[PDB]
Number of protein chains: 2
Amino acid sequence: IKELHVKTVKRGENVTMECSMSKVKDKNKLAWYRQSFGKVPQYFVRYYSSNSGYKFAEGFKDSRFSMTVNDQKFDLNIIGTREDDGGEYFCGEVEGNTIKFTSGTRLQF
Amino acid sequence: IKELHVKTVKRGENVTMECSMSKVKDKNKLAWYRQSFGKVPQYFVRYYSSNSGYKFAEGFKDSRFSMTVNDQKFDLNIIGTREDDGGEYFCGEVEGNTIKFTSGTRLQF
């Protein structure tokens with residue numbers, strides 16, 4: 001049972017939340033999930049074969065968010081963190097009938 | 001964006017956590033996810049094509065858990081809840097490259 005990284009930030013800081021490509025078997029099934037307090041997690045960005053390597057859920061628009069995607073890394077970034085970024089972020093690969101979460105971060109203020 | 005049901009329970013109660021079958025494309029794609037504080041979510045029980053209607057994750061052994069699976073209902077039950085059941089539970093439907101969570105409960109002692 002895998003432990004979350006804890007990132008304590010202040011408003012205006014930058015953050016990168018890590019996820020490894022190392023055991024991934026289908027990058028098309030990799031996505032990042034966000035869970036805010038009192039809500040269900042939600043997928044907000046996934047792998048996308050392209051030069052950037054990712055793509056955002058429909059009508060997720062926040063320019064502060066990006067990703068750094070390559071054969072090692074599937075890393076999620078926030079430039080200019082605000083109190084409302086607070087919550088948990090999980091990186092998950094879908095496999096058959098279930099998803100496996102291989103890492104996640106609790107982002108806190 | 002779906003709200004979690006927040007239940008305050010006392011030790012030794014029985015709990016039922018809800019999840020509807022009403023829009024499920026492929027029932028085999030449904031599972032329940034446990035997220036303890038500080039941890040990544042983990043699938044621990046799924047729909048199975050059986051009469052009981054569910055199968056535990058290999059490595060999950062906690063006989064206090066069961067499910068009520070019918071044609072309306074993918075509910076999770078615990079008999080004798082204890083403090084360390086505290087945390088979040090999500091019902092997830094795999095639909096492709098991502099999972100959607102249609103339901104979840106937070107249990108608090």
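Letters A, B, ... mirror the listed sequences (proteins, then strands); counts begin at 1. FYI, side chains are in, hydrogens and waters are out, and symmetry mates aren't considered; it's all heavy atoms of this structure.
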**Student:** Indicate if B/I99 and A/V45 have the same hydrophobic cluster label, given that clusters are the connected sets of ILVMFWY residues with side-chain heavy-atom separations under 4.5 angstrom.
**Tutor:**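 No, separate clusters.
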**Student:** Within a strict 4.5 Å, meaning less than it, do heavy atoms of the A/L30 and A/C19 side chains meet?
**Tutor:**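 SC-SC contact between A/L30 and A/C19 confirmed.
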**Student:** Quick one: what part of B/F101 sits under 4.5 Å from any heavy atom of chain A, side chain, backbone, both or neither?
**Tutor:**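 For B/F101, heavy atoms of backbone and side chain both lie under 4.5 Å from chain A.
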**Student:** Please report the shortest heavy-atom distance between B/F74 and B/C91, naming the atom on each side.
**Tutor:**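 Heavy atoms only, the tightest pair is CD2-SG, 3.8 Å.
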**Student:** Between chain B and chain A, identify all donor-acceptor pairs below 3.5 angstrom, including backbone and side-chain atoms.
**Tutor:**
residue, atom, partner, partner atom, Å
B/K2, O, A/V40, N, 2.9
B/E3, OE1, A/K39, NZ, 3.0
B/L4, N, A/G38, O, 2.8
B/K29, NZ, A/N97, OD1, 3.0
B/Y33, OH, A/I99, N, 3.1
B/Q35, NE2, A/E88, OE1, 3.1
B/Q35, NE2, A/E88, OE2, 3.1
B/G38, O, A/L4, N, 2.8
B/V40, N, A/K2, O, 3.0
B/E88, OE1, A/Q35, NE2, 3.0
B/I99, N, A/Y33, OH, 3.2

**Student:** Quick one: of B/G92, B/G38, B/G104, who has the most non-hydrogen atom pairs under 4.5 Å with chain A?
**Tutor:** B/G38
**Student:** State, yes or no, whether a side-chain contact exists between A/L107 and A/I78 at a heavy-atom distance under 4.5 Å.
**Tutor:** yes
**Student:** Taking side chain as C-beta onward, heavy atoms only, is B/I1 less than 4.5 Å from A/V40?
**Tutor:** no
**Student:** Is there a chain of hydrophobic side chains (I, L, V, M, F, W, Y, each step under 4.5 Å between heavy atoms) that links A/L76 to A/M21?
**Tutor:** yes
**Student:** Taking the six-membered ring for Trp, are A/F65 and A/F60 ring centroids under 6.0 Å apart?
**Tutor:** yes
